[PDB]
Amino acid sequence: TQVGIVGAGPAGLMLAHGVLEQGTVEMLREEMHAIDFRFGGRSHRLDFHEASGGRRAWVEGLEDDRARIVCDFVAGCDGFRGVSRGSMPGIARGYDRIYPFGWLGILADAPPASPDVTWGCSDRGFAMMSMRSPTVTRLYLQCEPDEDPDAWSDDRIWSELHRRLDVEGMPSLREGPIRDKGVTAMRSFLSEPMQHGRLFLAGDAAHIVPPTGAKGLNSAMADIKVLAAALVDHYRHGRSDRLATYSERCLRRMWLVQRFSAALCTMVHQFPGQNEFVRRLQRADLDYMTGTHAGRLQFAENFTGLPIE
Amino acid sequence: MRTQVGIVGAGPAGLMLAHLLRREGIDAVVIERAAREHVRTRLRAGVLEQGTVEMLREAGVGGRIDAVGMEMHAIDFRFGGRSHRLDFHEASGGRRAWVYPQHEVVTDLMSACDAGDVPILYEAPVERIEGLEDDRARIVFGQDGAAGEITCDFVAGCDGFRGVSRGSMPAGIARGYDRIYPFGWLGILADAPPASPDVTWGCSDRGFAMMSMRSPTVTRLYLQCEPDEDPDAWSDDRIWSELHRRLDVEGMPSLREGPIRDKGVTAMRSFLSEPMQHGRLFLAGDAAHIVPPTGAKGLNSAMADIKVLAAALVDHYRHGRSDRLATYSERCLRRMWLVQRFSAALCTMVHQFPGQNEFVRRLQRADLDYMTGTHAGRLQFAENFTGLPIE
Ligand SMILES: Cc1cc2nc3c(=O)[nH]c(=O)nc-3n(C[C@H](O)[C@H](O)[C@H](O)COP(=O)(O)OP(=O)(O)OC[C@H]3O[C@@H](n4cnc5c(N)ncnc54)[C@H](O)[C@@H]3O)c2cc1C
Ligand SMILES: Cc1cc2nc3c(=O)[nH]c(=O)nc-3n(C[C@H](O)[C@H](O)[C@H](O)COP(=O)(O)OP(=O)(O)OC[C@H]3O[C@@H](n4cnc5c(N)ncnc54)[C@H](O)[C@@H]3O)c2cc1C
Ligand SMILES: [Ca+2]
Ligand SMILES: [Ca+2]
């Protein structure tokens, strides 16, 4: 064939054809207004819809004449554990930072106590309440990176979620039967370049982020929006400049996405043994982000999605 | 020997407070450990926030800043081989900063204090501060071996990072937050007229450097160096070599060299102590908090503390209300944690950290790109650099 797509993820199916950015929605087409950051015993509802001016969120032979997937071009869409990223010659460079924690996630048959996605930036550790339906809620707890889910009974999970999320004046967390308990990792990684000859990387094969900020899929999509158009210009108008600049343009937008994702991750989680000045700057960062127009503006523009080149 | 407010330290914070109190009729005595001639000739550059300039102007000591203070509109951030001129006057909607050296602020304030007969004791190091919950506080000092005591309603601890007032808090009350960064600054003056007029920051992966105007014919230059560094390990040739490497970009004039003088090394540290008051003791300025000099914030923060403290003391003596004294620390700390955030953000973005994680290192360029390249980034920089509001 012309284009050999490795991996059948959301990036692999978007080229052949959680929380989503407005750009990801319109790309699929072609509903969130605020996040409640809780800290210091108080709710801080950051209306990013208003601050953003109306944007919203929603819930072998790569140098030869032909490439061979054991086609003209190979689209690496095989995620963080695929083989496409290692399919390059000294060409690749890796930027890696793992965070000293994971997330314990549950799906509960209980109505959300509030309609906004809620971030509990507690000194016990991070917690998050997100919705799915008026009767189904999605919840996360910061936990040890290698945590055994068997150590967390249903009662332990609800107790800790209450401690990390409840504040006076807001409805308390509603409890219900628990489904889909699991532990997921927290890691920042990016690899350069994102192309080499006939091999083009996208999505998790190129770069992973911590889920704080909901960017891993939305960046995979923008990766595909760019790779798809370049292949269109190549096959339709005989124009190869877009393919040659694929890595350059994806990396520009992604390094700003890594920035935002990491900024949230390092702000809302507790780091064991951290320098006490750096630890107190987490609250200063939360106060500035929620409490000033400039802080709210930067959050709103980044959360709803950066432009795509 | 008896007064209303005893002020420990005749640096900018103490002199400003003595001056404000004098014009409100409130009696104060300033006690300073060094010699007047020493304090008067401590030369230090200075970038003043607009609020600081307004404060000096409204206290009758802004005449010379109004006459020769050099209005500053932009910083040139150099990285990735290019200049990025961030116009914070535009980004902030018209607020700005002024280049006006700290030693001339101190000259201005000392002249105002002397013209108002404010009593200042020099060569009189304070040894203890006691009676913080007595009817009147006691400042125990010595000139030579002569023991002295000043009795006062309130003690303003304006004696800097190395003073005695911070340690006079009951240690079960005070909490410190401290980070020493793993680098210092090698600083020089060069007898060469500045090639570019803007404050210029070299922020590339080769290491931090800074260039600014000391005077029309003298350039101030800083280089990131090792924290314990001997200035004698930096010959003139090594200095110019590193400065060219860290600052020069195509499309901007190359560095103008000239005689090097005033070579020295300074440390980089973020520190804040809580609370800023206990009983009759109120801390202000470097006695309470210091920042790394990226961002031009230490003197301006000391002046913000003094603005709040003087107004609280006026409310107490003039209007008989003590609630503003009661909230001094709460209000000053809220601002100062945001100043610490800003100074720290600049410091961790523009310096190379030895052995740093390569992902975290590359986010430095992402942060520079976002701060210079987006309206939202420029706005935040500009509002912080020109000065946050004061409560
Ligand atoms: C807990 C959690 C929450 C998240 N929340 C959000 C969110 O709210 N918003 C958001 O935008 N993102 C979110 N993400 C990130 C997002 O889910 C991922 O970034 C996304 O899966 C990336 O898509 P991808 O197709 O590139 O990778 P994947 O989805 O991992 O696709 C890789 C595919 O390739 C296949 N494959 C692997 N190796 C090979 C091989 N050798 N040959 C063939 N096939 C192979 C795999 O089996 C898999 O099907 C979250 C991630 C986690 C873990
Ligand atoms: C190189 C450099 C550049 C800077 N640039 C800027 C800038 O552009 N903008 C900015 O806002 N800030 C800047 N700063 C920070 C600023 O200089 C300080 O924050 C400022 O000096 C703080 O003033 P202060 O009155 O609190 O303390 P200090 O100036 O330290 O004065 C304290 C005084 O107390 C006296 N004292 C100490 N112990 C005793 C004792 N026991 N008894 C009596 N007296 C005592 C000392 O002798 C001294 O005179 C810079 C700092 C440096 C090092
Ligand atoms: Ca088990
Ligand atoms: Ca007594």
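Now for a quick tour of the structure. (Residues numbered from 1 in each chain as written, not as in the entry; some residues may be left out. Chains lettered and ligands numbered in written order. Heavy atoms only, no water.)

**Quick look at the sheet that holds strand β13 (residues 199-202) of chain B**
All names here are of chain B. Overall, mixed pairing links the eight strands, which are arranged β6-β5-β13-β14-β15-β12-β16-β19 in an open sheet. With partners counted over all chains shown, the strands left at the sheet margins are β6 (82-87) and β19 (289-290), one partner each. Two strands pair when backbone bridges link them, and strand β5 (residues 74-79) and β6 are joined in this way by six bridges, in the antiparallel orientation. Paired with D76 across the strands is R85, a residue of β6. Sitting on the sheet, helix α11 (residues 358-373) touches β5 and β6, and the angle it makes with β5 is about 145°. (Pairing = 2+ DSSP bridges. Helix = DSSP H or I, 4+ residues; strand = E, 2+ residues; numbered from the N terminus. Contact = heavy atoms within 4.5 Å. Axes fitted to C-alpha atoms, helices over the stretch in contact; angles between N-to-C directions.)

**Re the site of ligand 2**
Residue and element names in this part refer to chain B. Taken together, 28 residues form the shell around ligand 2, and within it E32, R42, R44, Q102 and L299 come nearest. Contact distances for ligand 2 include 2.7 Å between an oxygen atom and a side-chain N or O atom of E32. Protein contacts shield 85% of the accessible area of ligand 2, which totals 1,000 Å² for the unbound molecule. Looking at the shell around ligand 2, the elements that each hand over two or more residues are α1 (12-23) and α8 (298-319). Across the shell around ligand 2, the residue classes break down as 12 nonpolar, nine polar and seven charged. (Near = heavy atom within 4 Å. Polar contact = N/O pair within 3.5 Å; in protein donor to acceptor, adjacent residues only side chain to side chain. Areas by Shrake-Rupley, 256 points an atom, 1.4 Å probe, with all protein chains shown as cover. Nonpolar A, V, L, I, M, F, W, Y, C, P; charged D, E, K, R; others polar.)

**Some details on the interface of chain A and chain B**
Opposite the 26 residues of chain A that make contact, chain B presents 26 residues. Both faces combined, the contact of chain A with chain B buries some 2,500 Å², and carbon together with sulfur accounts for 67% of it. On the surface where chain A and chain B come into contact, there are seven residue pairs in polar contact. Elements with a contribution of two residues or more to the side of chain A that touches chain B: β7 (93-108), α7 (246-268), α8 (276-291) and α9 (293-304) of chain A. Residue contributions to the side of chain A that touches chain B peak at eight residues, all from α8 of chain A. Tallied by class, residues from the side of chain A that touches chain B come to 12 nonpolar, six polar and eight charged. (Buried area = accessible area lost by both parts, 1.4 Å probe.)

**A closer look at the coordination of the calcium ion (ligand 4)**
At the metal site, the calcium ion (ligand 4) is ligated by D134 of chain B (OD) and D134 of chain B (OD), and these contacts range over 2.4 to 2.7 Å. Locating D134 of chain B in the fold gives a position in the loop between β9 (126-130) and β10 (137-143). (Donors = N, O, S within 2.8 Å, 3.2 Å for Na, K, Ca; no water.)

**A short note on the sheet that holds strand β11 (residues 178-192) of chain A**
Residue and element names in this part refer to chain A. Taken in spatial order, the eight strands make up an open sheet running β4-β3-β8-β9-β10-β7-β11-β14, and their pairing is mixed. Lying at the two open borders of the sheet, with one neighbouring strand each, are β4 (42-47) and β14 (207-208). Here β7 pairs with β11 via 12 bridges, running antiparallel. Within β11, the position partnered with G94 by the bridge is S191.

Function cannot be read off these values alone, since they describe shape.
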